[PDB]
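K.L.:
The structure that follows is given in the form of structure tokens.
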Amino acid sequence: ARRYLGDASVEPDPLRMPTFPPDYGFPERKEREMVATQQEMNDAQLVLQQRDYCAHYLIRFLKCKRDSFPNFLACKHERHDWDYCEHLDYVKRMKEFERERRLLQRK
Amino acid sequence: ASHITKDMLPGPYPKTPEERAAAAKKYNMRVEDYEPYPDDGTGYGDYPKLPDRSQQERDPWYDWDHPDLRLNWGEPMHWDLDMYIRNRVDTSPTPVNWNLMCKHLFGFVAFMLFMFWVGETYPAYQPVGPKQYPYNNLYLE
Amino acid sequence: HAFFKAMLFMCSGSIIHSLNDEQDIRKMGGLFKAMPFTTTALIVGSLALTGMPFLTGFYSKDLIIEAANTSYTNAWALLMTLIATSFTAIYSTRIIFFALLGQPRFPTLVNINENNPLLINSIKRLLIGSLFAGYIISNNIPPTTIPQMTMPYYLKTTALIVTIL
Amino acid sequence: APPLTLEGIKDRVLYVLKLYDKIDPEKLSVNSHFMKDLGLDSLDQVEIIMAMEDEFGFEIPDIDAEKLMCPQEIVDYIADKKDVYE
Amino acid sequence: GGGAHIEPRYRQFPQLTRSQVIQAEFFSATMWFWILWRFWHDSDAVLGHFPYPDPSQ
Amino acid sequence: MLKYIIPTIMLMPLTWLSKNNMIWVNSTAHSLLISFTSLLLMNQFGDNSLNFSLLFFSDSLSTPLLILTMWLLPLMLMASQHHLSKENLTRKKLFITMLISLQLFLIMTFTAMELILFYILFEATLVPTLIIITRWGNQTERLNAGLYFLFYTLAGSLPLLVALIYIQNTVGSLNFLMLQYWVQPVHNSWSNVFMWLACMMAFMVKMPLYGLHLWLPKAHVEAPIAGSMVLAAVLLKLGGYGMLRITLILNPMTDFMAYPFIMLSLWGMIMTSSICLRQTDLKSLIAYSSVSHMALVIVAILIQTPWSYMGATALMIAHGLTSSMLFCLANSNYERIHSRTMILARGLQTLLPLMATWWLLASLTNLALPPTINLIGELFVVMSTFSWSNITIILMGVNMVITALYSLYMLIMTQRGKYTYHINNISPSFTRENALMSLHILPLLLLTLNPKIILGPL
Amino acid sequence: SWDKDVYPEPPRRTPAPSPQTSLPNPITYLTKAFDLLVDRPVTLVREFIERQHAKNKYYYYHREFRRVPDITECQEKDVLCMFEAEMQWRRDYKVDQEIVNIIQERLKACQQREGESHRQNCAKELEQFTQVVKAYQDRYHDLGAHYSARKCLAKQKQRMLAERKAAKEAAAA
Amino acid sequence: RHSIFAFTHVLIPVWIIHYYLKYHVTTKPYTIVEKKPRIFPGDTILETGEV
Amino acid sequence: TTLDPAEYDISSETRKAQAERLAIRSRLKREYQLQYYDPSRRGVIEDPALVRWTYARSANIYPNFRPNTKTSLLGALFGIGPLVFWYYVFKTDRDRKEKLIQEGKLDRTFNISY
């Protein structure tokens with residue numbers, strides 16, 4: 001939903017993005033939605049398909065895995081809250097065919 | 001070192017009863033289904049009069065074989081017919097050919113018509129109209 | 001998976017020596033003909049091979065068949081993977097119903113023996129290591145991907161009932 | 001690992017005489033020769049070892065039929081096959 | 001042979017060594033105690049669901 | 001060679017000069033001592049180049065190949081003594097002297113400094129080999145095979161003289177390979193076909209194509225006392241290497257007509273190994289293995305541009321040690337059962353346990369188990385002719401398939417039992433039978449540590 | 001050792017601390033014991049040789065050659081001067097193999113040191129290396145006269161085609 | 001003992017194989033090729049901080 | 001599928017006097033067992049069924065051979081046959097491969113090997 005075009009630098013591996021590449025983005029409500037820090041996203045050794053939404057909440061989530069080293073659960077409820085970050089993200093994406101079935105009908 | 005009846009000669013109609021057996025007892029009195037007539041297809045240099053080929057075949061499987069050595073382990077005296085394919089080849093099975101094995105892969109050959117479609121989970125079919133419309137509709141708003 | 005069959009070959013390896021040879025699913029009998037320990041070890045891994053209610057590879061098996069939930073597959077692939085899971089259940093009770101169920105039928109001089117602590121030290125280490133394998137490995141691992149975590153009505157939990165039937 | 005002696009083979013052959021309801025425990029021990037009360041043609045030549053077909057039953061080839069008339073001649077070469085007594 | 005500590009049989013059911021059954025019954029208890037975190041506490045799908053998002057207008 | 005030829009000729013008035021049965025121990029003693037001196041001045045450096053002394057040596061600089069030529073006279077005398085020791089000492093002194101007389105000319109060959117010194121020494125053999133073929137064999141078909149060994153080698157090699165004398169008075173003189181800096185190219189004509197073709201065809205008759213291999217299972221099948229010149233005749237086949245000396249230069253730009261030599265020797269490779277799985281003579285089983293993966297070098301020389309010369313050199317002495325030992329495995333186990341029929345030698349692997357390892361570590365070098373000198377050789381040839389055309393991986397891959405099923409068929413015929421016969425075959429593979437079966441794998445797997453010694457220029 | 005400009009790496013930049021809990025950590029049991037068990041038989045023995053090896057020294061020198069003639073000398077029928085021009089030339093091709101080995105190891109340097117991003121970062125290697133290998137097979141690799149290695153009989157004549165065909169026959173450049 | 005059987009097996013080569021390792025990183029121009037620290041916030045041996 | 005293999009048929013009384021074909025092989029076995037048992041042999045028996053098996057397969061095919069047929073002239077469909085076909089392929093590559101290599105480019109910048 002973001003982007004702009006004409007990447008200045010010729011760096012591949014789509015970190016050359018508008019800011020952050022979503023799965024589709026944004027698209028309607030909201031027509032914009034922001035992201036984390038790209039200078040920290042490259043400072044954190046983290047692969048692609050992890051620069052999507054709920055990353056900043058996950059970058060603070062998995063930090064406690066080492067910040068509580070001989071642990072069994074750093075925060076199990078936050079895993080249910082990061083899933084609640086994920087499920088609210090995904091049901092926001094599930095409203096495509098609720099609209100696209102109807103918005104492609106006549107008016 | 002045996003020179004008399006060392007091997008065959010240009011046959012296989014050189015008075016066939018004299019061959020098996022002067023030595024090389026392939027036939028008893030030239031009526032044993034293995035008289036040295038079997039030059040099958042003259043003009044090939046392979047298998048002359050030859051106490052040898054097209055004799056009954058397909059496999060000394062070394063089963064019970066209780067006369068003695070009989071089969072393949074224990075070495076009977078004069079029974080070599082054609083070999084080097086028969087220390088690893090056996091007998092008849094249950095049924096017959098009915099090549100259902102190519103018919104077994106034919107089930108996915110029909111399901112290659114299912115390779116033409118996709119497998120999207122959400123939603124189901126809705127295959128009768130243009131309401132499906134795989135991709136998005138309008139712009140921002 | 002590596003903890004499954006090296007147990008299970010060795011589990012049944014005590015049985016083939018026990019009749020000194022048959023290795024046939026015929027001519028066996030029932031479970032407890034002085035066979036207390038290994039029949040208990042048979043009903044764990046063959047229950048793991050059912051499709052993991054809470055056992056070892058539940059964090060490997062369930063998370064992949066519910067990774068093929070939302071996918072661009074052949075649509076005959078899920079009509080070939082998930083059907084194969086149901087066929088894995090009748091693998092279980094077959095060795096139960098011939099070697100661990102029936103009346104004792106086999107030729108006589110029952111020469112069974114099970115008490116060599118070389119075998120008892122063998123199984124008791126791996127069966128304990130079997131159960132708590134994934135609950136240590138998957139509990140202590142870096143996640144690398146974004147999970148599915150969505151499974152709506154009449155489409156979600158029948159993969160267990162695939163195994164129940 | 002389990003060994004064997006020759007006093008067990010004398011009993012099992014003798015027991016399945018008593019296990020058959022066609023034959024009483026009044027026939028001879030080692031040599032009733034089967035014909036004494038053996039009948040008829042089939043089913044008194046191969047059925048007489050069909051009980052040991054399940055018990056001993058190591059596939060018992062075609063030669064084993066007419067040697068088995070003498071009921072001691074059964075006991076003779078079972079010791080030859082399965083590497084038995086001294 | 002050398003030691004006949006487990007005797008051969010004539011189908012009279014030779015028994016166990018009266019200690020094997022203790023280890024046998026011990027490892028049925030350790031797995032049905034391990035049904036603890038299967039139910040208490042773990043549900044079918046702890047994700048939350050959508051309440052049929054039809055009113056999108 | 002300063003003086004390697006000069007001590008090895010001094011071996012010759014030592015044998016007849018000796019006493020009685022001491023003649024075996026006196027010859028094998030001193031013959032091992034050259035192996036220090038052979039190594040000694042050679043293997044020097046190394047960057048363009050080592051011209052050695054004079055018109056008699058270019059030191060075999062970038063292709064060593066010559067240390068292996070000097071193992072063999074102290075390898076064959078310990079092998080030949082099995083069934084030779086019934087003849088007279090006057091002929092036992094002969095058979096050692098002509099064998100040394102075969103090593104004399106091979107030493108000035110492979111180095112040779114020229115191309116016309118090469119030929120007269122390329123043809124200086126074939127007289128002492130033919131004496132070992134005709135006398136000292138077994139029952140007949142020696143004598144026609146003594147004539148099939150000629151008249152292929154000699155019919156081809158005479159149009160060398162017509163072309164090599166033609167070069168000597170056309171462009172300067174051929175006398176040096178280092179006066180070959182001035183080389184005019186050879187274009188497409190109707191006379192320059194034959195200049196290429198006559199200069200090449202006399203090398204094809206020794207390292208065979210699929211055609212004209214008809215002499216190779218003749219001399220090796222009917223063969224002396226215990227592989228005694230058969231070990232020599234496998235070196236002599238790979239001692240027709242001189243195509244590496246010629247065709248790198250001296251008509252460099254004729255690949256236009258390489259194609260009837262490629263396809264004949266690339267499809268023949270996939271067939272002439274396939275035509276051996278039904279052999280019944282054991283020494284003829286090995287004799288077709290020597291056809292197949294020798295003919296892989298013929299598509300490795302004509303295709304130029306190294307990463308092939310990395311491998312085409314390593315394949316000349318790949319089965320220099322392998323196919324020698326396989327003949328030694330069959331020169332043994334014939335002293336005990338007097339037939340070479342592969343059917344008859346069953347019931348084995350229980351009777352002779354110590355030589356089971358000698359079967360396998362032979363046949364594990366054709367499977368070739370990559371850290372050896374073998375799959376460092378093939379996998380440079382494979383990665384070379386891939387870059388010719390991509391389709392050549394198919395035929396050369398099926399070459400790798402069938403020889404896997406081929407080598408084990410010679411192993412697995414000994415893993416059977418009950419032996420049915422054979423009150424003989426008692427001798428439990430004595431101290432000599434393992435000694436001359438050793439010194440083959442002991443350098444073969446040793447050189448796999450640093451095989452930079454086995455490389456061309458390249 | 002070497003010089004770090006030939007074999008570069010960024011600093012270390014290694015985080016630390018982060019305990020935050022009284023949960024039992026085994027890291028205090030591990031590094032505080034086993035480092036001493038290896039410190040005795042290694043550091044004491046390596047120092048013992050280090051004085052024993054400093055008892056006497058041995059010398060080996062740099063080997064620098066003489067480059068008076070270069071390329072286009074000499075006349076055709078000469079041998080001597082056209083031997084030196086190949087002894088010049090072959091040393092200028094064994095060396096130019098190994099400069100490609102150095103730059104390739106430089107590519108191995110970044111990628112195991114970053115690993116995660118590895119594409120959008122380090123900015124240099126895929127630009128430098130493919131401006132050197134693309135500057136390799138042109139004019140310095142006789143493709144396909146590489147078999148005889150063709151010193152000055154073909155090494156000039158790729159570069160004749162790089163002059164007689166290139167830069168004039170482009171119609172009209 | 002469990003004393004001379006166990007100490008001879010493992011304890012001696014670790015002395016050996018370490019000696020070809022510490023004397024090796026300073027000789028070869030590439031040692032082990034260790035990756036980065038994978039940090040979220042910021043502290044460790046530096047000073048930089050983050051929100 | 002290769003083959004039927006005819007494991008039961010009829011008899012009784014098609015040529016009932018066919019017996020004593022065993023008298024051949026019993027004669028051989030009485031010859032063999034009397035040969036095989038002896039206190040001092042130390043070596044194999046000849047058994048020329050092997051000798052007639054190799055020598056009628058190794059030699060005695062070319063003294064047999066006459067080219068009177070065309071099924072031995074069939075080999076031009078098998079000897080020179082496929083060798084024609086491998087030439088047809090390999091000159092279509094290295095020519096179509098050649099023109100693309102000169103006219104235009106296909107390989108990249110990092111192709112030093114080759």
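Scheme for the structure tokens: letters A, B, ... for chains in order shown; per-chain residue numbers from 1; ligand numbers from 1 in order shown.
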Show me, as a PyMOL selection string, the residues of chain A whose atoms get within 8 Å of chain C, using only C-alpha atoms for the distance check.

P.N.:
chain A and resi 47+49-50+72+83+87

K.L.:
Taking only C-alpha atoms into account, name the residue in D:53, D:67, D:59, D:83 that is nearest to chain C.

P.N.:
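Between D:53, D:67, D:59, D:83, the residue approaching chain C most closely is D:53.
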
K.L.:
With only C-alpha atoms counted and 10 Å as the cut-off, give the residues of chain I in contact with chain B, each with its shortest interatomic distance in Å and the pair that gives it, as JSON lines.

P.N.:
```
{"residue": "I:1", "atom": "CA", "partner": "B:97", "partner_atom": "CA", "distance": 5.4}
{"residue": "I:2", "atom": "CA", "partner": "B:92", "partner_atom": "CA", "distance": 7.6}
{"residue": "I:3", "atom": "CA", "partner": "B:92", "partner_atom": "CA", "distance": 6.1}
{"residue": "I:4", "atom": "CA", "partner": "B:92", "partner_atom": "CA", "distance": 6.4}
{"residue": "I:5", "atom": "CA", "partner": "B:92", "partner_atom": "CA", "distance": 5.6}
{"residue": "I:6", "atom": "CA", "partner": "B:92", "partner_atom": "CA", "distance": 8.7}
{"residue": "I:7", "atom": "CA", "partner": "B:92", "partner_atom": "CA", "distance": 8.7}
{"residue": "I:18", "atom": "CA", "partner": "B:32", "partner_atom": "CA", "distance": 9.4}
{"residue": "I:20", "atom": "CA", "partner": "B:28", "partner_atom": "CA", "distance": 9.7}
{"residue": "I:21", "atom": "CA", "partner": "B:28", "partner_atom": "CA", "distance": 7.1}
{"residue": "I:23", "atom": "CA", "partner": "B:28", "partner_atom": "CA", "distance": 9.8}
{"residue": "I:24", "atom": "CA", "partner": "B:28", "partner_atom": "CA", "distance": 7.4}
{"residue": "I:25", "atom": "CA", "partner": "B:77", "partner_atom": "CA", "distance": 8.2}
{"residue": "I:28", "atom": "CA", "partner": "B:77", "partner_atom": "CA", "distance": 6.8}
{"residue": "I:29", "atom": "CA", "partner": "B:77", "partner_atom": "CA", "distance": 7.4}
{"residue": "I:31", "atom": "CA", "partner": "B:77", "partner_atom": "CA", "distance": 9.6}
{"residue": "I:32", "atom": "CA", "partner": "B:77", "partner_atom": "CA", "distance": 7.5}
{"residue": "I:46", "atom": "CA", "partner": "B:1", "partner_atom": "CA", "distance": 8.8}
{"residue": "I:47", "atom": "CA", "partner": "B:77", "partner_atom": "CA", "distance": 6.7}
{"residue": "I:48", "atom": "CA", "partner": "B:78", "partner_atom": "CA", "distance": 8.1}
{"residue": "I:49", "atom": "CA", "partner": "B:78", "partner_atom": "CA", "distance": 5.2}
{"residue": "I:50", "atom": "CA", "partner": "B:80", "partner_atom": "CA", "distance": 7.7}
{"residue": "I:51", "atom": "CA", "partner": "B:6", "partner_atom": "CA", "distance": 7.8}
{"residue": "I:52", "atom": "CA", "partner": "B:7", "partner_atom": "CA", "distance": 5.4}
{"residue": "I:53", "atom": "CA", "partner": "B:80", "partner_atom": "CA", "distance": 7.4}
{"residue": "I:54", "atom": "CA", "partner": "B:7", "partner_atom": "CA", "distance": 9.2}
{"residue": "I:55", "atom": "CA", "partner": "B:7", "partner_atom": "CA", "distance": 6.6}
{"residue": "I:56", "atom": "CA", "partner": "B:7", "partner_atom": "CA", "distance": 5.6}
{"residue": "I:57", "atom": "CA", "partner": "B:47", "partner_atom": "CA", "distance": 8.2}
{"residue": "I:59", "atom": "CA", "partner": "B:7", "partner_atom": "CA", "distance": 9.4}
{"residue": "I:60", "atom": "CA", "partner": "B:8", "partner_atom": "CA", "distance": 7.5}
{"residue": "I:61", "atom": "CA", "partner": "B:45", "partner_atom": "CA", "distance": 5.1}
{"residue": "I:62", "atom": "CA", "partner": "B:45", "partner_atom": "CA", "distance": 6.3}
{"residue": "I:63", "atom": "CA", "partner": "B:45", "partner_atom": "CA", "distance": 7.9}
{"residue": "I:64", "atom": "CA", "partner": "B:45", "partner_atom": "CA", "distance": 5.1}
{"residue": "I:65", "atom": "CA", "partner": "B:45", "partner_atom": "CA", "distance": 3.8}
{"residue": "I:66", "atom": "CA", "partner": "B:43", "partner_atom": "CA", "distance": 5.9}
{"residue": "I:67", "atom": "CA", "partner": "B:43", "partner_atom": "CA", "distance": 6.0}
{"residue": "I:68", "atom": "CA", "partner": "B:43", "partner_atom": "CA", "distance": 5.2}
{"residue": "I:69", "atom": "CA", "partner": "B:43", "partner_atom": "CA", "distance": 4.9}
{"residue": "I:70", "atom": "CA", "partner": "B:43", "partner_atom": "CA", "distance": 8.1}
{"residue": "I:71", "atom": "CA", "partner": "B:44", "partner_atom": "CA", "distance": 7.2}
{"residue": "I:72", "atom": "CA", "partner": "B:44", "partner_atom": "CA", "distance": 5.8}
{"residue": "I:73", "atom": "CA", "partner": "B:44", "partner_atom": "CA", "distance": 9.4}
```

K.L.:
Keeping only C-alpha atoms, write the selected residues to a file as a compact mmCIF listing (two decimals), in the first residue's frame.

P.N.:
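In the end it all went to out-v5.txt:
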```txt
# COMPACT_ATOMS: atom_id res chain seq x y z
CA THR I 1 4.54 -61.55 -18.72
CA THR I 2 7.57 -63.68 -19.74
CA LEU I 3 6.27 -66.33 -19.48
CA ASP I 4 3.12 -68.49 -19.34
CA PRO I 5 5.11 -70.85 -18.10
CA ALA I 6 3.21 -74.15 -18.68
CA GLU I 7 3.38 -75.78 -15.23
CA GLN I 18 9.40 -92.83 -23.38
CA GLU I 20 14.70 -94.52 -19.24
CA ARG I 21 15.72 -91.02 -20.21
CA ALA I 23 19.06 -94.06 -17.60
CA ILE I 24 21.17 -91.48 -19.44
CA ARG I 25 21.57 -89.25 -16.40
CA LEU I 28 26.38 -90.01 -15.96
CA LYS I 29 25.87 -89.84 -12.20
CA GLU I 31 30.15 -92.20 -13.84
CA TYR I 32 30.47 -88.98 -11.83
CA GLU I 46 37.23 -82.06 -16.52
CA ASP I 47 33.42 -82.24 -17.11
CA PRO I 48 33.43 -81.31 -20.82
CA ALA I 49 29.92 -79.82 -20.74
CA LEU I 50 31.78 -76.67 -19.73
CA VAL I 51 34.43 -77.25 -22.41
CA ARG I 52 31.80 -77.51 -25.14
CA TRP I 53 30.09 -74.45 -23.65
CA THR I 54 33.01 -72.04 -23.94
CA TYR I 55 34.61 -73.32 -27.13
CA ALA I 56 31.31 -73.35 -29.00
CA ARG I 57 30.71 -69.76 -27.87
CA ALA I 59 35.42 -69.73 -31.28
CA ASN I 60 33.25 -71.70 -33.76
CA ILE I 61 31.01 -68.81 -34.66
CA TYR I 62 33.14 -67.32 -37.42
CA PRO I 63 34.11 -70.68 -39.01
CA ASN I 64 30.37 -71.33 -38.82
CA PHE I 65 29.48 -67.97 -40.31
CA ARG I 66 28.34 -67.41 -43.88
CA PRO I 67 26.70 -64.10 -44.89
CA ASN I 68 23.98 -65.95 -46.80
CA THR I 69 21.17 -64.08 -45.08
CA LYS I 70 20.16 -60.48 -44.60
CA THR I 71 19.56 -60.91 -40.87
CA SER I 72 23.34 -60.92 -40.48
CA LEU I 73 23.38 -57.98 -42.88
```

K.L.:
Using only C-alpha atoms, find each residue in chain G having at least one atom no more than 12 Å away from chain I; report its shortest atom-to-atom pair and that distance in Å (one decimal), rows by chain then rising number, as JSON lines.

P.N.:
```
{"residue": "G:97", "atom": "CA", "partner": "I:112", "partner_atom": "CA", "distance": 10.5}
{"residue": "G:100", "atom": "CA", "partner": "I:112", "partner_atom": "CA", "distance": 9.8}
{"residue": "G:104", "atom": "CA", "partner": "I:110", "partner_atom": "CA", "distance": 11.3}
{"residue": "G:126", "atom": "CA", "partner": "I:110", "partner_atom": "CA", "distance": 10.2}
{"residue": "G:127", "atom": "CA", "partner": "I:109", "partner_atom": "CA", "distance": 11.2}
{"residue": "G:128", "atom": "CA", "partner": "I:110", "partner_atom": "CA", "distance": 11.4}
{"residue": "G:129", "atom": "CA", "partner": "I:110", "partner_atom": "CA", "distance": 8.3}
{"residue": "G:130", "atom": "CA", "partner": "I:110", "partner_atom": "CA", "distance": 5.9}
{"residue": "G:131", "atom": "CA", "partner": "I:109", "partner_atom": "CA", "distance": 8.0}
{"residue": "G:132", "atom": "CA", "partner": "I:110", "partner_atom": "CA", "distance": 8.7}
{"residue": "G:133", "atom": "CA", "partner": "I:110", "partner_atom": "CA", "distance": 5.5}
{"residue": "G:134", "atom": "CA", "partner": "I:109", "partner_atom": "CA", "distance": 4.7}
{"residue": "G:135", "atom": "CA", "partner": "I:109", "partner_atom": "CA", "distance": 8.5}
{"residue": "G:136", "atom": "CA", "partner": "I:112", "partner_atom": "CA", "distance": 6.8}
{"residue": "G:137", "atom": "CA", "partner": "I:112", "partner_atom": "CA", "distance": 5.7}
{"residue": "G:138", "atom": "CA", "partner": "I:112", "partner_atom": "CA", "distance": 9.3}
{"residue": "G:139", "atom": "CA", "partner": "I:112", "partner_atom": "CA", "distance": 11.9}
{"residue": "G:140", "atom": "CA", "partner": "I:112", "partner_atom": "CA", "distance": 10.4}
{"residue": "G:141", "atom": "CA", "partner": "I:112", "partner_atom": "CA", "distance": 8.3}
{"residue": "G:142", "atom": "CA", "partner": "I:112", "partner_atom": "CA", "distance": 11.0}
{"residue": "G:143", "atom": "CA", "partner": "I:114", "partner_atom": "CA", "distance": 8.7}
{"residue": "G:144", "atom": "CA", "partner": "I:114", "partner_atom": "CA", "distance": 9.5}
{"residue": "G:146", "atom": "CA", "partner": "I:114", "partner_atom": "CA", "distance": 10.6}
```

K.L.:
Please measure the separation of atom CA of residue 10 of chain A and atom CA of residue 102 of chain G, giving the value in Å to one decimal.

P.N.:
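About the pair atom CA of residue 10 of chain A and atom CA of residue 102 of chain G: they are 25.5 Å apart.
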
K.L.:
Got a sec to tell me which of chain E DSSP assigns to alpha helix (DSSP H), as a PyMOL selection string?

P.N.:
chain E and resi 20-32+36-39

K.L.:
Give me the residues within 8 Å of residue 454 of chain F as number ranges by chain, counting only C-alpha atoms and dropping any in the same chain fewer than 5 places off.

P.N.:
F: 63-64, 313-314

K.L.:
Can you pull out every residue within 7 Å of residue 137 of chain B, counting only C-alpha atoms, but drop anything in the same chain fewer than 6 positions away, and send it as a PDB file with N, CA and C atoms, in the first residue's frame?

P.N.:
```pdb
ATOM      1  N   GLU A 100     -14.885  -7.650  -2.426  1.00  0.00           N
ATOM      2  CA  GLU A 100     -14.618  -7.883  -3.846  1.00  0.00           C
ATOM      3  C   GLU A 100     -15.730  -8.689  -4.509  1.00  0.00           C
ATOM      4  N   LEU A 103     -18.327  -5.481  -4.330  1.00  0.00           N
ATOM      5  CA  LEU A 103     -17.919  -4.272  -5.042  1.00  0.00           C
ATOM      6  C   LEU A 103     -17.742  -4.508  -6.536  1.00  0.00           C
ATOM      7  N   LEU A 104     -17.598  -5.762  -6.966  1.00  0.00           N
ATOM      8  CA  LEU A 104     -17.599  -6.094  -8.383  1.00  0.00           C
ATOM      9  C   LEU A 104     -19.002  -6.296  -8.935  1.00  0.00           C
TER      10      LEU A 104
END
```

K.L.:
Can you check which parts of chain A lie within 10 Å of chain G? Per residue, the shortest pair of atoms and distance in Å to one decimal, counting only C-alpha atoms, sorted by chain and number, as a tab-separated table.

P.N.:
```
residue	atom	partner	partner_atom	distance
A:9	CA	G:120	CA	9.5
A:10	CA	G:120	CA	8.7
A:11	CA	G:120	CA	5.0
A:12	CA	G:120	CA	6.0
A:13	CA	G:119	CA	6.3
A:14	CA	G:120	CA	8.4
A:15	CA	G:120	CA	7.1
A:16	CA	G:120	CA	8.0
A:41	CA	G:117	CA	9.6
A:42	CA	G:117	CA	6.9
A:43	CA	G:117	CA	9.3
A:44	CA	G:116	CA	8.9
A:45	CA	G:116	CA	5.3
A:46	CA	G:116	CA	6.0
A:47	CA	G:116	CA	5.8
A:48	CA	G:117	CA	8.3
A:63	CA	G:18	CA	9.7
A:64	CA	G:18	CA	9.2
A:66	CA	G:18	CA	7.5
A:67	CA	G:18	CA	5.2
A:68	CA	G:21	CA	6.4
A:69	CA	G:19	CA	7.1
A:70	CA	G:25	CA	5.8
A:71	CA	G:23	CA	7.3
```

K.L.:
Would you list the contacts of residue 19 of chain H as a ChimeraX atom specification, taking every protein, DNA or RNA residue within 9 Å and counting only C-alpha atoms, but skipping same-chain residues closer than 5 positions in sequence?

P.N.:
/G:42,46 /H:14,24

K.L.:
Distance limit 8 Å, atoms considered: only C-alpha atoms. Which chain E residues sit that close to chain A? Return them as a VMD selection string.

P.N.:
chain E and resid 46 to 50 53 to 54 56

K.L.:
Distance atom CA of residue 441 of chain F-atom CA of residue 3 of chain F, one decimal place?

P.N.:
29.3 Å

K.L.:
Would you mind listing what lies within 12 Å of residue 36 of chain A as a ChimeraX atom specification, with only C-alpha atoms counted and same-chain residues fewer than 2 positions away left out?

P.N.:
/A:19-21,33-34,38-44,50-60 /H:51

K.L.:
Within 12 Å of residue 8 of chain D, counting only C-alpha atoms, which residues qualify if same-chain residues fewer than 3 places away don't, as a PyMOL selection string?

P.N.:
(chain C and resi 109) or (chain D and resi 3-5+11-15+75+79+84-85) or (chain E and resi 10)

K.L.:
Let's have the selection written as a compact mmCIF listing (two decimals), in the first residue's frame, with N, CA and C atoms.

P.N.:
```txt
# COMPACT_ATOMS: atom_id res chain seq x y z
N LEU C 109 6.66 -75.22 22.11
CA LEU C 109 7.91 -74.99 22.83
C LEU C 109 8.12 -73.48 22.92
N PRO D 3 19.18 -76.27 23.58
CA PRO D 3 19.47 -77.57 22.98
C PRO D 3 18.24 -78.47 22.98
N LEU D 4 18.46 -79.71 22.57
CA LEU D 4 17.40 -80.71 22.57
C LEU D 4 18.00 -82.10 22.75
N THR D 5 17.18 -83.01 23.26
CA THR D 5 17.57 -84.41 23.38
C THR D 5 16.64 -85.26 22.54
N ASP D 11 7.94 -88.55 22.46
CA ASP D 11 6.68 -88.31 23.15
C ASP D 11 5.68 -87.58 22.25
N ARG D 12 6.16 -86.58 21.51
CA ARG D 12 5.28 -85.72 20.72
C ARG D 12 4.65 -86.50 19.57
N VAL D 13 5.45 -87.35 18.92
CA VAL D 13 4.93 -88.26 17.90
C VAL D 13 3.93 -89.23 18.53
N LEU D 14 4.24 -89.70 19.74
CA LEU D 14 3.33 -90.61 20.43
C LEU D 14 2.10 -89.88 20.95
N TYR D 15 2.22 -88.59 21.28
CA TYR D 15 1.08 -87.88 21.84
C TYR D 15 0.02 -87.60 20.79
N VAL D 75 10.58 -91.21 12.97
CA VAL D 75 11.47 -90.77 14.04
C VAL D 75 12.94 -90.82 13.62
N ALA D 79 15.85 -86.44 13.19
CA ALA D 79 17.13 -86.13 13.82
C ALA D 79 18.22 -85.81 12.81
N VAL D 84 20.50 -82.90 15.01
CA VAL D 84 20.08 -83.47 16.28
C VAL D 84 20.93 -84.68 16.62
N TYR D 85 20.50 -85.41 17.66
CA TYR D 85 21.34 -86.05 18.67
C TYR D 85 22.54 -86.82 18.12
N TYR E 10 5.38 -75.96 27.46
CA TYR E 10 4.46 -76.72 26.63
C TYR E 10 3.09 -76.05 26.57
```

K.L.:
Residues of chain F within 6 Å of chain I, counting only C-alpha atoms, what are they? List them as a PyMOL selection string.

P.N.:
chain F and resi 422-424

K.L.:
Put those residues in a file: N, CA, C and O atoms, as a compact mmCIF listing (two decimals), in the first residue's frame.

P.N.:
```txt
# COMPACT_ATOMS: atom_id res chain seq x y z
N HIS F 422 37.01 -79.96 -5.83
CA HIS F 422 38.20 -79.21 -5.44
C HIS F 422 38.90 -79.75 -4.21
O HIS F 422 38.96 -79.08 -3.18
N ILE F 423 39.44 -80.97 -4.31
CA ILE F 423 40.36 -81.44 -3.29
C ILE F 423 41.65 -80.62 -3.32
O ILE F 423 42.30 -80.44 -2.28
N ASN F 424 41.97 -80.02 -4.46
CA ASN F 424 43.02 -79.01 -4.57
C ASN F 424 42.50 -77.67 -4.05
O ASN F 424 41.51 -77.61 -3.32
```
